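Here the Cβ positions follow ideal geometry from the backbone for every residue, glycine too, while neighbour counts run over all protein chains shown. What is reported rests on the model, the rules as stated and the sources as named; these are not laboratory values.
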Amino acid sequence: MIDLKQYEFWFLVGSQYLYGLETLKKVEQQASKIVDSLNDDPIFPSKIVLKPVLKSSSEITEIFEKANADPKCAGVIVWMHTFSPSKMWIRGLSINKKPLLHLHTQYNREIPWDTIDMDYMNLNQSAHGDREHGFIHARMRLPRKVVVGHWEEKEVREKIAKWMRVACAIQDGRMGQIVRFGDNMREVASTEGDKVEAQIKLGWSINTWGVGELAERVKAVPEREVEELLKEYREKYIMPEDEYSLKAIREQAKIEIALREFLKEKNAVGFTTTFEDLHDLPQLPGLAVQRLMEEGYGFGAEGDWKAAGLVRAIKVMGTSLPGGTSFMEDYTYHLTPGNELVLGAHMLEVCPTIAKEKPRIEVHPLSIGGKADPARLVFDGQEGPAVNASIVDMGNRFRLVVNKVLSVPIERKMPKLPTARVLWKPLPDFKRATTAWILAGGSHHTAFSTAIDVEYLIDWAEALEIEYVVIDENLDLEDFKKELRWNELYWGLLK
Amino acid sequence: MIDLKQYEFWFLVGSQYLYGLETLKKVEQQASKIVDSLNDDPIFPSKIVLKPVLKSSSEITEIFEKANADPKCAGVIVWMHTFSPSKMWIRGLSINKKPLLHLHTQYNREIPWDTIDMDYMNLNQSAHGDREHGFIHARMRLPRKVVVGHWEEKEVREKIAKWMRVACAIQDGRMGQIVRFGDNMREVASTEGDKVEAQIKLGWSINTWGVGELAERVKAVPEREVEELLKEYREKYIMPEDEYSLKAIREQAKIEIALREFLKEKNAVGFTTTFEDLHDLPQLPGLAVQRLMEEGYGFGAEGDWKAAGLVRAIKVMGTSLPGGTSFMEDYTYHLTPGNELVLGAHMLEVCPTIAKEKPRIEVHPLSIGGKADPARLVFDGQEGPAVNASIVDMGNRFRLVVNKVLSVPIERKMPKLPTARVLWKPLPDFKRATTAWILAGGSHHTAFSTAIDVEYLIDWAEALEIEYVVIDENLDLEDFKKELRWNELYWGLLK
Amino acid sequence: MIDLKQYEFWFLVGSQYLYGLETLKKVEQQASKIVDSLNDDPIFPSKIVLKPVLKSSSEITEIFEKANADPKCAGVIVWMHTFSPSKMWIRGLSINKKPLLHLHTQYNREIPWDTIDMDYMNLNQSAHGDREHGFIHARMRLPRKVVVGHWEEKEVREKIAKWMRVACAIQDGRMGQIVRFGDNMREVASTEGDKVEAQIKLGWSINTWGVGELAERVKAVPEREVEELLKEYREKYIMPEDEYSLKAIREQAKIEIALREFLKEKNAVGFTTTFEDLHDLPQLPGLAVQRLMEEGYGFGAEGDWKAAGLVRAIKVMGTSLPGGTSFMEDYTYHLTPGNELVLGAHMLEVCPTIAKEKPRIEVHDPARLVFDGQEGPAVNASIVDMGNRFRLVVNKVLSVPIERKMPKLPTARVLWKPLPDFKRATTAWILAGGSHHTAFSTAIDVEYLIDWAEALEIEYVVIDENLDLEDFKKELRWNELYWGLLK
Ligand SMILES: [Mn+2]
Ligand SMILES: [Mn+2]
Ligand SMILES: [Mn+2]
């Protein structure tokens, strides 16, 4: 249970010393009235601090210098109520490395056709005000998200909420670390990337340990805790009775505790493992990974820290009741000429946030990583639209491929499927989407989410200055190619 | 009449040692069950050779090192039946320069919802398998067409068979020569190019001979050959009776013998001439040129070796009955407000393969290249959708301008047009499709084709890594103007 | 003790069909006369397999196809006895991914001033022949090493020989694998890199194994073999008497065998460990890594697979008797204004190939080898991942004898003066962003690494005695474009 309400977004209001101290107080008053009314609408999942109205050059850098310092400040929102000369913003936007939202709004909705004097016009210069401020953004190449509309209107409140989550997700990643029990699966390429380029460009701290450091913890678990976890299990899951099924549940319980004590110690947010390197671990970690991920931790099997750190960040976005974000691996295809589906699952680890019903603890024999039959949760995937993403290292940079999909109800049950499953249509056609994915060269290790819109992932790349490529219903393949080889240069040398 | 049944494409399947030794046989059985059913389908104009399951790096390089060696292996198909670590593939794909198709498929259409156990999941890891292997093509920038679908379904088979025809038209381009009889027409630009760059980029070996080398062949022709062809002419064409008309036919026959002896001697695929440099040649080459093209020999006029090499490369694609590729020069227009057509012809040379009626031999005096009145075939053009291609050299690189056309039947006869004619509407509008053609700067010397779709040329430029610019029905004049300046960069520095 | 005399270097000759059928045989016989005496010279450590004189455009590919297909072919030498038009070479050079030498020689030394008819001039069209063949190498941007000189004159023989040693060090890397035990030291950056970008560029397959996988090998070692190494330790090294000292030797013995068996089991050229993951391992690898490095295996500590893969590649270049290459780590500094030295060593692992005297075994528990640094000129190098690309920083140094012994230094030490000044060389090394983990070689000269990087199309930056610092900054920033967007 990791939340994001502790995070605050600094609202920033613009004018200049070269104005009457009466109208500057009229915008201070006016802005206050906006954020007061804003912070009361529960669509926003974090605070909005309203800092003094910025007139001077020095006041710009000041507020920024402090906004970069403060670990609770997950983003900035900038809005010029009156004309703010922007050559005051430069030395402030030079020093600011936090996500930007440009909110292009005007306190009053309608034009007072009988009360629009120079007195008022001077107060509400908002129309031109943050066009001048809009250029200096574009002219500096600063990454930001411009949004136009009255704060009264909800559609704009939606757009800024999508950003807020994404902006706070980024910090829960720059702050966070990725724990790696052992390195990648041997001779695998997609899972692999530049550990250094991730800390430079995403701020993703990432460190590898031995598996023997985890094994020393799993054998050291108080026995009176594991039975106090099995009494919580019975409240949700648990197999018929005690057997060789429930010896695995007591083994995964003493694995779950050993991680959670380890993941706090190293400032972790997303971890990763490997199924061919589980020495001194009496069982493959399975039910222990599904529980941790339920709490919010990012995960990626076969050492894949890209997917792990993506699951984490896209988890942090998917807080709202529409909730639903897992770690997915496209395992098999339905190729029926009209309904070309794709069954999404893994060898074990599917997050129960996308569980349509009560997740069912099951144990089945599996040869992969020759050790005791592990426990796992079984449940039919959630219907309704979703997104499937994947970050992948292109040597010099990263790219984010994202497949908008339409999760369909599971039409036939599966008596011999041990893993929880999901069924979806890769939009538009499965051929066009999955041809585009591979053209782009996404990881096999993908990031499923039922919570979040595609827009979220677009704002995420936009605010980290990396390529993103969207597999929408409006997917021309010939167009997508041209996009791939055009993008390649922009993000390649420039940034 | 060079066919391509001789040409073979290598079917490569990927796994890893880190599996049961007997499931690798299960893949061996299963791949065979595919490529055997595939080769029994006669849409594929070349053979397919299944090679043993690839598990180790060693095997990946050892197959690829051979795939460049065998001159009849004109491309490789690649599909991962299970998860195949791509770092195995790097040294292999690093070394490969034969066109790639990435077949993404699954041996069974539907998922056995009641019999899918972890032993079966392990066997068909085909979904997440060639995503991972997909990434290594994207990250190493390796040019390849990817295709997705089930090897049963005809859509996927369509794509791969249109690639095959293209990949073997590349090998019948690198392998062959271009034989010129004189340089380029004086002061003509789009016909000129770097005959050296061609060989580095396209492999097109190209050289130039004198005209007197041909003159020494036309005078040394046995008189029992010119009359053995005439008896084969009468079987198809021939002008009414013995007259000054049937003297031109006995001059084109010996030119066809000389040309034949030359191009076979030089292992030629295309050739090119010039109407201002034919010294010691009693007559301008024409009916002989049109006869050589009816076999499959490429040709350009005015020295055009760009057009000459395309005609061939697009000829080799068109072997099957739909056949119909020529050598075109957009001659005149019908600027009628509704039905804006274009009349593609030449001073003489147009390939009969596009004829819709019996080619009629005709002789008419023409002032282009001072010498005796040459013989030509006169016929109506073939109706139906066609494409009008032109390569041309932009210093650093080449681009492929392809104007899909809708070839209409000729409404009225022309009792005063000497040369065989064609009438089309350049899609979409004549104005758009031309105003775009001139923008992309297409050669006037094009390669008309009523055999192939745009599909072929796109797979071509894709595989050779050159700029392609299509003139679709979807042609947003401005959008095209943005494509030309964006593509500029990509194909300039990178490639 | 992995050799490179198996490797063959295909000598390619250039003529055209468009010649008298006779003269082509005088090119074949004359080339045969060149390589026959050439192979006879022992300065070349790898064979030379002359291949039929190449006239046709088709023959050029065929040999290059053969040249990429044969694993033991680790280079191609080229020389155009007569004028060989280059547009025959294009389709063949395109398909070639094996290091290239353009030899520019003439079978006769002098010009027979009295006897130089067109019948001879048209046979030794060697000058303008490979002058025309040079352009196409320049035009396509193909990597190759151009040499000039009559085959008899030892100077050119050297220049090609160093290439040979380089090229075969490349092929013992494209074929080889780098075995990591554990990842890099946590939060360390110069060790870290793009594992997949390296296989592409440097051909180095690289994969990691959990440290546990090794421990199962060291515990399963026959105890009656670990003595069979102790018996061979006694033939060269060993500590005074049976003591805890020797339980640290039996524990390094049983680590070396396991490393041997594990680095045999896979076609492994270089390896790497880390000191903060050795769970289930009863000791830190030290002696057992110095022994293996003495044989030829490349090593880097704290996971550094970059320094590891270089040490291997630069160990294969170092084969001849002037041998001496070790995995170095510049530890401390003597700052004395006149004799500005540096005391290179490591936490443990220093290769005994640069040993002046008898290597002594010392246990301080990790077991080391105590020996002085080999004097005279050497080279220090480091490969580092600039994210997009790679760069190889190489610092020429003048290793000096050690003036006073150190009774309380457990690790083997090497003293050297980084050329020109200590200030310049080191300021430059840091500007260029060299790894702390280096490859120290007394065996080879700069020349080797220059022809290595040139051959792999990666930036190299030299710290010569001719090191203008200002000019070096400008040289860093101008290199970063070329190796950036282009390669
Ligand atoms: Mn996986
Ligand atoms: Mn013309
Ligand atoms: Mn170190």
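When the residues of segment B:78-114 are narrowed to those that are of a type in the set (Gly, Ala, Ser) and within 11 Å of chain A (Cβ to nearest Cβ), which ends up nearest to the chain's Cα centre (by Cα)?
Applying the filter and picking the extreme gives B:86.
Identify the residue in segment A:323-363 that is closer than 13 Å to residue A:388 by Cα and assigned to a loop (DSSP other than H, G, I, E, B) and, among all such residues, is nearest to the other protein chains (Cβ to nearest Cβ).
Residue satisfying both the conditions and the ranking: A:327.
Which one of the conditions (1) buried (at least 21 other Cβ atoms within 10 Å of the Cβ); (2) not in a helix (DSSP H, G or I) does residue B:368 fail to meet, given that it meets all the rest?
Every condition holds for residue B:368 apart from (1).
State whether one or more residues within segment A:235-248 are assigned to a strand (DSSP E or B) and touching a helix residue (DSSP H, G or I) at 6+ places or on another chain (Cβ under 7 Å).
no
Looking at segment B:228-283, which of the residues that are among the acidic types (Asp, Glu) and farther than 21 Å from residue B:305 by Cα is surrounded by the most Cβ atoms within 10 Å (Cβ to Cβ)?
Applying the filter and picking the extreme gives B:251.
Taking the criterion of being under 24 Å from the mean Cα position of the chain (by Cα), within 14 Å of chain C (Cβ to nearest Cβ) and over 23 Å from residue A:348 (Cα atoms), would at least one residue in segment A:398-406 satisfy it?
Checked against the condition, which is being under 24 Å from the mean Cα position of the chain (by Cα), within 14 Å of chain C (Cβ to nearest Cβ) and over 23 Å from residue A:348 (Cα atoms), segment A:398-406 yields at least one hit.
Take segment C:328-355 and flag every residue that is in contact with a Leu (Cβ under 7 Å, 6 or more places away or on another chain) and away from ligand 3 (no atom under 16 Å from the Cβ).
C:334, C:341, C:352
All but one of (1) small (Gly, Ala, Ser); (2) more than 26 Å from residue C:90 (Cα to Cα); (3) more than 14 Å from chain A (Cβ to nearest Cβ) hold for residue B:15, so report the exception by its number.
All conditions pass for residue B:15, except number (3).
Limited to segment A:184-233, what total is found for residues that are within 12 Å of chain C (Cβ to nearest Cβ) and either within 16 Å of ligand 3 (Cβ to nearest atom) or outside any helix (DSSP H, G or I) (or both)?
Final tally of qualifying residues: 18.
Taking the conditions exactly as written (more than 16 Å from ligand 1 (Cβ to nearest atom), over 30 Å from residue B:173 (Cα atoms) and in a helix (DSSP H, G or I)), does residue B:120 satisfy them or not?
Working: more than 16 Å from ligand 1 (Cβ to nearest atom): yes; over 30 Å from residue B:173 (Cα atoms): yes; in a helix (DSSP H, G or I): yes.
For residue B:120, the condition - more than 16 Å from ligand 1 (Cβ to nearest atom), over 30 Å from residue B:173 (Cα atoms) and in a helix (DSSP H, G or I) - is met.
Regarding segment C:38-57, can at least one residue be identified that is within 14 Å of chain B (Cβ to nearest Cβ), at negative phi and part of a helix (DSSP H, G or I)?
Yes - at least one qualifying residue is present in segment C:38-57.
For (1) closer than 30 Å to residue A:421 by Cα; (2) within 16 Å of ligand 2 (Cβ to nearest atom); (3) buried (at least 21 other Cβ atoms within 10 Å of the Cβ); (4) within 12 Å of chain B (Cβ to nearest Cβ), each residue gets a yes or a no:
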{"position": "A:436", "(1), (2), (3), (4)": "yes, no, yes, yes"}
{"position": "A:441", "(1), (2), (3), (4)": "yes, no, yes, yes"}
{"position": "A:447", "(1), (2), (3), (4)": "yes, no, yes, no"}
{"position": "A:450", "(1), (2), (3), (4)": "yes, no, yes, no"}
{"position": "A:455", "(1), (2), (3), (4)": "yes, no, no, no"}
{"position": "A:458", "(1), (2), (3), (4)": "yes, no, no, no"}
{"position": "A:472", "(1), (2), (3), (4)": "yes, no, no, no"}
{"position": "A:481", "(1), (2), (3), (4)": "no, no, no, yes"}
{"position": "A:488", "(1), (2), (3), (4)": "no, no, no, yes"}
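With the structure loaded, tell me whether residue A:166 is β-branched (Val, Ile, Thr) and part of a helix (DSSP H, G or I) or whether it fails that test.
Criteria met by residue A:166.
Could you list, in sequence order, all residues of segment A:49-105 that are acidic (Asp, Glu) and closer than 17 Å to residue A:164 by Cα? So that I can check it myself, show each step before the final result.
Residues of segment A:49-105 acidic (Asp, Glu): A:59, A:62, A:65, A:70.
Across segment A:49-105, the qualifying residue is only A:70.
Please find, among B:199, B:171, the residue that is surrounded by 20 or more Cβ atoms within 10 Å (Cβ to Cβ), among the polar types (S, T, N, Q) and outside the structural domain of residue B:306 (by CATH). First the steps, then the outcome.
Details: B:199 fails: outside the structural domain of residue B:306 (by CATH).
B:171 is the lone residue from the list that is surrounded by 20 or more Cβ atoms within 10 Å (Cβ to Cβ), among the polar types (S, T, N, Q) and outside the structural domain of residue B:306 (by CATH).
Taking interchain pairs and intrachain pairs at least six residues apart, which have beta carbon atoms under 8 angstrom, with the first residue in segment C:16-27 and under 15 Å from residue C:118 (Cα atoms) and the second exposed (fewer than 15 other Cβ atoms within 10 Å of the Cβ)?
These pairs meet every condition: C:19/C:122; C:23/C:122.
Go through the residues of segment B:286-301 one by one and say whether even a single one is in a loop (DSSP other than H, G, I, E, B), surrounded by 23 or more Cβ atoms within 10 Å (Cβ to Cβ), among the hydrophobic types (A, V, I, L, M, F, W, C) and touching a strand residue (DSSP E or B) at 6+ places or on another chain (Cβ under 8 Å).
Yes: segment B:286-301 contains one or more residues that are in a loop (DSSP other than H, G, I, E, B), surrounded by 23 or more Cβ atoms within 10 Å (Cβ to Cβ), among the hydrophobic types (A, V, I, L, M, F, W, C) and touching a strand residue (DSSP E or B) at 6+ places or on another chain (Cβ under 8 Å).
Residues to consider are C:281, C:292, C:287; find the one that is within 14 Å of chain A (Cβ to nearest Cβ), among the aliphatic types (A, V, I, L, M), under 22 Å from residue C:251 (Cα atoms) and away from ligand 2 (no atom under 16 Å from the Cβ).
Unique residue meeting the criteria: C:281.
Among the numbered conditions (1) away from every other protein chain (no Cβ under 14 Å); (2) farther than 29 Å from residue B:416 by Cα; (3) away from ligand 2 (no atom under 15 Å from the Cβ), tell me where residue B:252 comes up short.
(2)
Pick from segment B:404-452 the residues that are in a strand (DSSP E or B) and either among the charged types (D, E, K, R) or touching a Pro at 6+ places or on another chain (Cβ under 9 Å) (or both): which of them is nearest to ligand 3 (Cβ to nearest atom)?
Result: B:404.
For segment B:130-140, which residues satisfy the criterion of being surrounded by fewer than 23 Cβ atoms within 10 Å (Cβ to Cβ) and either at the interface with chain A (Cβ under 8 Å from one of its Cβ atoms) or not in a loop (DSSP other than H, G, I, E, B) (or both)?
Passing the criteria: only B:137.
Could you tell me how many of the residues in segment C:337-387 are among the aliphatic types (A, V, I, L, M) and closer than 30 Å to residue C:484 by Cβ?
Counting residues in segment C:337-387 that are among the aliphatic types (A, V, I, L, M) and closer than 30 Å to residue C:484 by Cβ gives 5.
Among what's in segment C:391-434 and is of a type in the set (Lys, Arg) and farther than 19 Å from residue C:327 by Cα, pick the residue that is nearest to ligand 2 (Cβ to nearest atom).
So, considering only residues that are of a type in the set (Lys, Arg) and farther than 19 Å from residue C:327 by Cα, the one nearest to ligand 2 (Cβ to nearest atom) is C:424.
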